[PDB]
Structures are given as C-alpha cells and as structure tokens.
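Shown next: query.pdb, containing PDB, C-alpha atoms and all ligand atoms.
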```pdb
ATOM      1  CA  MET A   1    -123.345  17.989 -22.250  1.00  0.00           C
ATOM      2  CA  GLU A   2    -123.234  14.661 -20.422  1.00  0.00           C
ATOM      3  CA  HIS A   3    -126.778  13.976 -19.184  1.00  0.00           C
ATOM      4  CA  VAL A   4    -126.163  12.772 -15.631  1.00  0.00           C
ATOM      5  CA  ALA A   5    -128.264  14.339 -12.837  1.00  0.00           C
ATOM      6  CA  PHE A   6    -126.675  15.437  -9.570  1.00  0.00           C
ATOM      7  CA  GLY A   7    -127.430  12.904  -6.822  1.00  0.00           C
ATOM      8  CA  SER A   8    -128.275  10.014  -9.189  1.00  0.00           C
ATOM      9  CA  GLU A   9    -128.568   6.674  -7.412  1.00  0.00           C
ATOM     10  CA  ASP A  10    -126.190   4.975  -9.832  1.00  0.00           C
ATOM     11  CA  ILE A  11    -123.761   7.869 -10.484  1.00  0.00           C
ATOM     12  CA  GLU A  12    -120.600   5.885  -9.654  1.00  0.00           C
ATOM     13  CA  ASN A  13    -121.531   3.390 -12.424  1.00  0.00           C
ATOM     14  CA  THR A  14    -122.193   6.060 -15.041  1.00  0.00           C
ATOM     15  CA  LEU A  15    -119.015   8.002 -14.324  1.00  0.00           C
ATOM     16  CA  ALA A  16    -116.680   5.006 -14.467  1.00  0.00           C
ATOM     17  CA  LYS A  17    -116.887   5.273 -18.249  1.00  0.00           C
ATOM     18  CA  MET A  18    -115.643   8.872 -18.465  1.00  0.00           C
ATOM     19  CA  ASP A  19    -112.158  10.245 -19.141  1.00  0.00           C
ATOM     20  CA  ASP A  20    -111.282  13.804 -18.061  1.00  0.00           C
ATOM     21  CA  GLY A  21    -112.758  14.964 -21.395  1.00  0.00           C
ATOM     22  CA  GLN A  22    -116.244  13.635 -20.691  1.00  0.00           C
ATOM     23  CA  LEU A  23    -116.129  14.716 -17.015  1.00  0.00           C
ATOM     24  CA  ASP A  24    -115.856  18.253 -18.324  1.00  0.00           C
ATOM     25  CA  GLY A  25    -119.328  17.903 -19.840  1.00  0.00           C
ATOM     26  CA  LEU A  26    -121.128  17.527 -16.510  1.00  0.00           C
ATOM     27  CA  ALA A  27    -123.760  20.013 -15.321  1.00  0.00           C
ATOM     28  CA  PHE A  28    -121.996  20.038 -11.954  1.00  0.00           C
ATOM     29  CA  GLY A  29    -118.602  20.030 -10.233  1.00  0.00           C
ATOM     30  CA  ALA A  30    -116.849  16.718  -9.859  1.00  0.00           C
ATOM     31  CA  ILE A  31    -113.626  15.978  -8.089  1.00  0.00           C
ATOM     32  CA  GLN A  32    -112.033  12.559  -7.743  1.00  0.00           C
ATOM     33  CA  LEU A  33    -109.945  11.975  -4.619  1.00  0.00           C
ATOM     34  CA  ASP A  34    -107.712   9.157  -3.446  1.00  0.00           C
ATOM     35  CA  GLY A  35    -107.971   7.779   0.092  1.00  0.00           C
ATOM     36  CA  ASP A  36    -105.540  10.442   1.319  1.00  0.00           C
ATOM     37  CA  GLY A  37    -107.312  13.460  -0.131  1.00  0.00           C
ATOM     38  CA  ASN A  38    -105.137  13.914  -3.222  1.00  0.00           C
ATOM     39  CA  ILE A  39    -106.897  15.248  -6.360  1.00  0.00           C
ATOM     40  CA  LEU A  40    -106.955  12.723  -9.201  1.00  0.00           C
ATOM     41  CA  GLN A  41    -109.514  14.475 -11.393  1.00  0.00           C
ATOM     42  CA  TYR A  42    -110.984  18.025 -11.318  1.00  0.00           C
ATOM     43  CA  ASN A  43    -113.583  19.048 -13.920  1.00  0.00           C
ATOM     44  CA  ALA A  44    -114.343  22.372 -15.568  1.00  0.00           C
ATOM     45  CA  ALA A  45    -117.665  23.018 -13.772  1.00  0.00           C
ATOM     46  CA  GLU A  46    -115.823  22.825 -10.470  1.00  0.00           C
ATOM     47  CA  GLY A  47    -113.284  25.278 -11.849  1.00  0.00           C
ATOM     48  CA  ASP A  48    -116.136  27.581 -12.813  1.00  0.00           C
ATOM     49  CA  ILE A  49    -117.474  27.518  -9.262  1.00  0.00           C
ATOM     50  CA  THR A  50    -114.229  27.930  -7.293  1.00  0.00           C
ATOM     51  CA  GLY A  51    -112.056  29.767  -9.825  1.00  0.00           C
ATOM     52  CA  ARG A  52    -109.405  27.039  -9.626  1.00  0.00           C
ATOM     53  CA  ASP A  53    -107.643  25.878 -12.798  1.00  0.00           C
ATOM     54  CA  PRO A  54    -108.305  22.121 -13.127  1.00  0.00           C
ATOM     55  CA  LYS A  55    -104.874  21.083 -14.418  1.00  0.00           C
ATOM     56  CA  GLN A  56    -103.095  23.125 -11.750  1.00  0.00           C
ATOM     57  CA  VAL A  57    -104.695  21.455  -8.724  1.00  0.00           C
ATOM     58  CA  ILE A  58    -104.416  17.876  -9.934  1.00  0.00           C
ATOM     59  CA  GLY A  59    -101.954  16.042  -7.685  1.00  0.00           C
ATOM     60  CA  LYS A  60    -102.448  18.520  -4.799  1.00  0.00           C
ATOM     61  CA  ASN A  61    -104.062  17.520  -1.493  1.00  0.00           C
ATOM     62  CA  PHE A  62    -107.604  18.868  -1.258  1.00  0.00           C
ATOM     63  CA  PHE A  63    -107.873  19.157   2.530  1.00  0.00           C
ATOM     64  CA  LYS A  64    -104.329  20.356   3.147  1.00  0.00           C
ATOM     65  CA  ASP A  65    -103.554  22.600   0.193  1.00  0.00           C
ATOM     66  CA  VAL A  66    -106.484  23.400  -2.131  1.00  0.00           C
ATOM     67  CA  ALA A  67    -109.452  23.631   0.243  1.00  0.00           C
ATOM     68  CA  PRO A  68    -108.599  24.203   3.918  1.00  0.00           C
ATOM     69  CA  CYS A  69    -112.156  25.404   4.582  1.00  0.00           C
ATOM     70  CA  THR A  70    -113.216  21.790   4.283  1.00  0.00           C
ATOM     71  CA  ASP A  71    -110.616  20.747   6.867  1.00  0.00           C
ATOM     72  CA  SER A  72    -113.266  20.364   9.529  1.00  0.00           C
ATOM     73  CA  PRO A  73    -115.326  17.564  11.121  1.00  0.00           C
ATOM     74  CA  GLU A  74    -118.284  18.647   9.001  1.00  0.00           C
ATOM     75  CA  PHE A  75    -116.484  17.874   5.714  1.00  0.00           C
ATOM     76  CA  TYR A  76    -113.064  16.221   6.055  1.00  0.00           C
ATOM     77  CA  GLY A  77    -114.289  14.252   9.072  1.00  0.00           C
ATOM     78  CA  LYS A  78    -117.101  12.666   7.048  1.00  0.00           C
ATOM     79  CA  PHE A  79    -114.524  11.849   4.345  1.00  0.00           C
ATOM     80  CA  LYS A  80    -111.953  10.271   6.632  1.00  0.00           C
ATOM     81  CA  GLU A  81    -114.710   8.191   8.216  1.00  0.00           C
ATOM     82  CA  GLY A  82    -115.916   6.983   4.815  1.00  0.00           C
ATOM     83  CA  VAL A  83    -112.413   6.033   3.707  1.00  0.00           C
ATOM     84  CA  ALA A  84    -111.779   4.166   6.963  1.00  0.00           C
ATOM     85  CA  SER A  85    -115.091   2.279   6.728  1.00  0.00           C
ATOM     86  CA  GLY A  86    -114.785   1.741   2.979  1.00  0.00           C
ATOM     87  CA  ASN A  87    -118.291   3.076   2.380  1.00  0.00           C
ATOM     88  CA  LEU A  88    -119.440   6.648   1.769  1.00  0.00           C
ATOM     89  CA  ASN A  89    -122.604   8.358   0.617  1.00  0.00           C
ATOM     90  CA  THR A  90    -123.552  11.724   2.051  1.00  0.00           C
ATOM     91  CA  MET A  91    -125.094  14.966   0.909  1.00  0.00           C
ATOM     92  CA  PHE A  92    -124.904  18.251   2.724  1.00  0.00           C
ATOM     93  CA  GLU A  93    -124.802  22.020   2.118  1.00  0.00           C
ATOM     94  CA  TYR A  94    -121.498  23.918   2.721  1.00  0.00           C
ATOM     95  CA  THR A  95    -119.915  27.346   2.161  1.00  0.00           C
ATOM     96  CA  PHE A  96    -116.667  27.663   0.177  1.00  0.00           C
ATOM     97  CA  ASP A  97    -114.828  30.779   1.301  1.00  0.00           C
ATOM     98  CA  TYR A  98    -111.100  30.280   0.786  1.00  0.00           C
ATOM     99  CA  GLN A  99    -109.532  33.042  -1.358  1.00  0.00           C
ATOM    100  CA  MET A 100    -112.911  33.471  -3.045  1.00  0.00           C
ATOM    101  CA  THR A 101    -116.302  35.090  -2.631  1.00  0.00           C
ATOM    102  CA  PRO A 102    -118.216  32.976  -0.132  1.00  0.00           C
ATOM    103  CA  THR A 103    -120.267  30.560  -2.160  1.00  0.00           C
ATOM    104  CA  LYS A 104    -123.003  28.315  -0.811  1.00  0.00           C
ATOM    105  CA  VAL A 105    -123.060  24.859  -2.374  1.00  0.00           C
ATOM    106  CA  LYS A 106    -124.589  21.396  -2.200  1.00  0.00           C
ATOM    107  CA  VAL A 107    -121.943  18.727  -1.777  1.00  0.00           C
ATOM    108  CA  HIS A 108    -122.365  14.975  -2.490  1.00  0.00           C
ATOM    109  CA  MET A 109    -119.506  12.624  -1.516  1.00  0.00           C
ATOM    110  CA  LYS A 110    -119.677   9.027  -2.709  1.00  0.00           C
ATOM    111  CA  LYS A 111    -117.233   6.116  -2.931  1.00  0.00           C
ATOM    112  CA  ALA A 112    -116.322   5.386  -6.530  1.00  0.00           C
ATOM    113  CA  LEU A 113    -116.867   1.905  -8.004  1.00  0.00           C
ATOM    114  CA  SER A 114    -113.084   1.590  -7.998  1.00  0.00           C
ATOM    115  CA  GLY A 115    -111.356   0.495  -4.791  1.00  0.00           C
ATOM    116  CA  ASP A 116    -109.669   3.516  -3.240  1.00  0.00           C
ATOM    117  CA  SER A 117    -111.212   6.455  -5.108  1.00  0.00           C
ATOM    118  CA  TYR A 118    -113.910   8.832  -3.840  1.00  0.00           C
ATOM    119  CA  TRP A 119    -116.082  11.381  -5.590  1.00  0.00           C
ATOM    120  CA  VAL A 120    -116.927  14.891  -4.453  1.00  0.00           C
ATOM    121  CA  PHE A 121    -119.837  16.445  -6.416  1.00  0.00           C
ATOM    122  CA  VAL A 122    -120.782  20.103  -6.177  1.00  0.00           C
ATOM    123  CA  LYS A 123    -123.571  22.353  -7.468  1.00  0.00           C
ATOM    124  CA  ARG A 124    -124.627  25.869  -6.556  1.00  0.00           C
ATOM    125  CA  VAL A 125    -127.643  26.410  -4.263  1.00  0.00           C
TER     126      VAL A 125
HETATM  127  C1  LIG A 201    -112.831  26.298   0.801  1.00  0.00           C
HETATM  128  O1  LIG A 201    -111.919  25.628   1.340  1.00  0.00           O
HETATM  129  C2  LIG A 201    -113.234  26.829  -0.432  1.00  0.00           C
HETATM  130  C3  LIG A 201    -112.520  26.556  -1.574  1.00  0.00           C
HETATM  131  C4  LIG A 201    -112.486  25.467  -2.405  1.00  0.00           C
HETATM  132  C5  LIG A 201    -111.540  25.476  -3.443  1.00  0.00           C
HETATM  133  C6  LIG A 201    -111.564  24.453  -4.371  1.00  0.00           C
HETATM  134  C7  LIG A 201    -112.476  23.420  -4.296  1.00  0.00           C
HETATM  135  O2  LIG A 201    -112.486  22.485  -5.277  1.00  0.00           O
HETATM  136  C8  LIG A 201    -113.396  23.374  -3.245  1.00  0.00           C
HETATM  137  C9  LIG A 201    -113.377  24.414  -2.314  1.00  0.00           C
END
```
Will you turn the file into structure tokens for me?
Ligand SMILES: *C(=O)/C=C\c1ccc(O)cc1
Amino acid sequence: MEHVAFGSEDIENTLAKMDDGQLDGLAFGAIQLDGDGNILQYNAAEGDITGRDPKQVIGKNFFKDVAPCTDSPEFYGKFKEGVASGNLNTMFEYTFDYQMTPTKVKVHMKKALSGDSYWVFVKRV
C-alpha cells in the first residue's frame, strides 16, 4: 500500500514520484489525463471500481470513449474550464453508470505538478 490519503493538500507533489507500479498501490482510483482528455495513466483501484482494464483504456479519450457519462457540464465542463484556466482543484460526488451498475463516487480533480497533466481521483461513497 502507498499511504496517501484521498484529498491530501499536497497530493500532486507526492504522486509525481510514482510510476504506474506505485500508482497501483493507492487506496483509491487515480487517472491521469492530458489537456484533451486522453488517458495517460489508469490505476488498479479505478479498474476495481469501474470494471475497466487499466492497460486497455490507456491512450483512449475519457470523455469521448471511456466515460461518456462524464460528458456533461457537471464533470467535463469543470475539466475543460480548469485546463483553459491552467488551474484546477474541485471535489464533488457523481454517479458512474455507463455499461456498469450505477455506482456513487467522490471525485477529486486536480492539476498535476507537471504542465499539461490533470489528475482524476475516485473513491466509493
Ligand atoms: C460513466 O461514464 C461511468 C463509467 C466510467 C468508466 C470508467 C471510468 O474510469 C470512469 C467512469
């Protein structure tokens, strides 16, 4: 296990040291996105929540292909605004219901320490 708590003030700092191996040790889902919504990293906890296979969704667009239920002003709109502004830090509850049993989650989106990368963090509620 990688002891990092969900919602940690300095989470972008802590996770800049991890490779996909270490990311898989998190107590929660973590997705890394580029500015366009493309998946750069997808960890095993997220796979456990959504039933997706990590390696199969890497390189796919999250809002277009993988998760259309987040293609909405309540999710994707917050993301596109963060990317445009170059700052992002927001936490909100959401239901994931695409090709899966509807599953209520807590989502935290935050800009990574690195230029054009963005984190999506997910835990069950
Ligand atoms: C809604 O679009 C629910 C599905 C879903 C699939 C994968 C990930 O990572 C998040 C949400």
Run through the PyMOL selection byres (((not hetatm)) within 6 of (chain A and resi 201)) on the given coordinates and return the selected residues as a PyMOL selection string. chain A and resi 50+66-70+96-98
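The spacing separating CA of residue 18 in chain A from CA of residue 116 in chain A amounts to 17.2 Å.
Atom pair CA of residue 77 in chain A / CA of residue 24 in chain A has a distance of 27.7 Å (rounded to one decimal).
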Near-range 83-91 of chain A list (9 Å; all atoms listed in the file; drop same-chain fewer than 3 positions) as a count of residues only: 17
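With only C-alpha atoms as the basis for measurement, A:54 is the residue among A:73, A:54, A:59, A:37 that approaches residue 20 in chain A most closely.
The space separating CA of residue 5 in chain A from CA of residue 27 in chain A comes to 7.7 Å.
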Please write as number ranges by chain the full residue list that the PyMOL selection byres (((chain A and resi 45) around 8) and not hetatm) yields on this file. A: 24, 26-30, 43-44, 46-49
Pick from A:57, A:125, A:105, A:16: nearest to residue 41 in chain A, with only C-alpha atoms counted? A:57
Min atom-atom distance to residue 58 in chain A from the set A:81, A:10, A:34, A:74, counting all atoms listed in the file, belongs to A:34
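Among A:25, A:62, A:13, A:122, the residue with the shortest atom-to-atom distance to residue 103 in chain A, counting only C-alpha atoms, is A:122.
Across A:104, A:53, A:82, A:65, the tightest approach to residue 38 in chain A is made by A:65 when counting only C-alpha atoms.
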Supply range 100-123 of chain A as a compact mmCIF listing (two decimals), in the frame of the given file, with N, CA and C atoms built in where the input has gaps.
```
# COMPACT_ATOMS: atom_id res chain seq x y z
N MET A 100 -111.79 33.39 -2.14
CA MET A 100 -112.91 33.47 -3.04
C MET A 100 -114.13 34.08 -2.38
N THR A 101 -115.05 34.59 -3.20
CA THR A 101 -116.30 35.09 -2.63
C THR A 101 -117.05 33.92 -2.01
N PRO A 102 -117.54 34.10 -0.79
CA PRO A 102 -118.22 32.98 -0.13
C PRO A 102 -119.40 32.53 -1.00
N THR A 103 -119.42 31.23 -1.21
CA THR A 103 -120.27 30.56 -2.16
C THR A 103 -120.91 29.32 -1.55
N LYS A 104 -122.23 29.40 -1.39
CA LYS A 104 -123.00 28.32 -0.81
C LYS A 104 -123.24 27.22 -1.84
N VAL A 105 -122.94 25.99 -1.46
CA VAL A 105 -123.06 24.86 -2.37
C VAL A 105 -123.72 23.65 -1.75
N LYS A 106 -124.14 22.72 -2.61
CA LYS A 106 -124.59 21.40 -2.20
C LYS A 106 -123.47 20.40 -2.54
N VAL A 107 -123.02 19.68 -1.52
CA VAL A 107 -121.94 18.73 -1.78
C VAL A 107 -122.45 17.29 -1.67
N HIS A 108 -122.12 16.41 -2.58
CA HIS A 108 -122.36 14.98 -2.49
C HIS A 108 -121.03 14.23 -2.62
N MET A 109 -120.65 13.52 -1.58
CA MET A 109 -119.51 12.62 -1.52
C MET A 109 -120.00 11.18 -1.62
N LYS A 110 -119.37 10.43 -2.52
CA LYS A 110 -119.68 9.03 -2.71
C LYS A 110 -118.47 8.20 -3.11
N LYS A 111 -118.33 7.00 -2.53
CA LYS A 111 -117.23 6.12 -2.93
C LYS A 111 -117.37 5.74 -4.40
N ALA A 112 -116.26 5.82 -5.13
CA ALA A 112 -116.32 5.39 -6.53
C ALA A 112 -116.44 3.87 -6.58
N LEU A 113 -116.79 3.34 -7.74
CA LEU A 113 -116.87 1.90 -8.00
C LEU A 113 -115.49 1.26 -7.83
N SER A 114 -114.46 2.04 -8.14
CA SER A 114 -113.08 1.59 -8.00
C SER A 114 -112.63 1.67 -6.54
N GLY A 115 -111.86 0.69 -6.12
CA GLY A 115 -111.36 0.50 -4.79
C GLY A 115 -111.12 1.71 -3.93
N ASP A 116 -110.02 2.43 -4.15
CA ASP A 116 -109.67 3.52 -3.24
C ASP A 116 -109.85 4.90 -3.83
N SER A 117 -110.93 5.12 -4.58
CA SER A 117 -111.21 6.46 -5.11
C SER A 117 -112.59 6.90 -4.62
N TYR A 118 -112.75 8.22 -4.47
CA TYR A 118 -113.91 8.83 -3.84
C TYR A 118 -114.28 10.06 -4.66
N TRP A 119 -115.57 10.26 -4.83
CA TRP A 119 -116.08 11.38 -5.59
C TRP A 119 -116.60 12.49 -4.68
N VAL A 120 -116.30 13.71 -5.07
CA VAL A 120 -116.93 14.89 -4.45
C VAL A 120 -117.69 15.63 -5.54
N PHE A 121 -119.02 15.77 -5.42
CA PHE A 121 -119.84 16.44 -6.42
C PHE A 121 -120.40 17.72 -5.82
N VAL A 122 -120.46 18.76 -6.67
CA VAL A 122 -120.78 20.10 -6.18
C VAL A 122 -121.70 20.86 -7.14
N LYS A 123 -122.77 21.45 -6.63
CA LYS A 123 -123.57 22.35 -7.47
C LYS A 123 -123.98 23.56 -6.63
```
